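J.: Structural data only, the sequence is not supplied:
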């Protein structure tokens, strides 16, 4: 429930009060966050 869901907590909440079709602006901003979070696995045990 830390960052794994905290970034998803700020993602769905940002996609809640979307007036127009601004959900793509949230997607490009959140997919850029989760893709930069895929670089976190550069460390960690390889198994």
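T.: Right, received. Where do you want to start? Numbering: from 1, shown residues only.
J.: okay, CA-based contacts and neighbour counts for the rest of this
T.: Noted.
J.: State the phi and psi torsions of residue 30.
T.: Dihedral pair for residue 30: phi -90, psi -40, per degrees, to the nearest 10.
J.: Who are the contact partners of it?
T.: By CA atoms under 8 Å, 6 or more residues apart in numbering, the contact list for residue 30 reads residue 11.
J.: now do 10 Å
T.: 7-8, 10-12, 14, 24, 36 (CA atoms under 10 Å, 6 or more residues apart in numbering).
J.: Just the buried ones among those, please.
T.: Buried members of those, counted by 16 or more other CA atoms under 10 Å: 8, 11, 14.
J.: residues contacting the second one?
T.: With contacts taken as CA under 10 Å, 6+ apart, residue 11 has the following neighbours: 5, 23, 26-27, 29-31, 33.
J.: Among those, which ones are in helices?
T.: Within these, residues falling in helices by DSSP state H are 23, 26-27, 29-31, 33.
J.: Which of those sits closest to residue 45?
T.: Ranked by distance to residue 45 (CA to CA), the ones in helices among the contacts of residue 11 are led by residue 33 at 22.3 Å.
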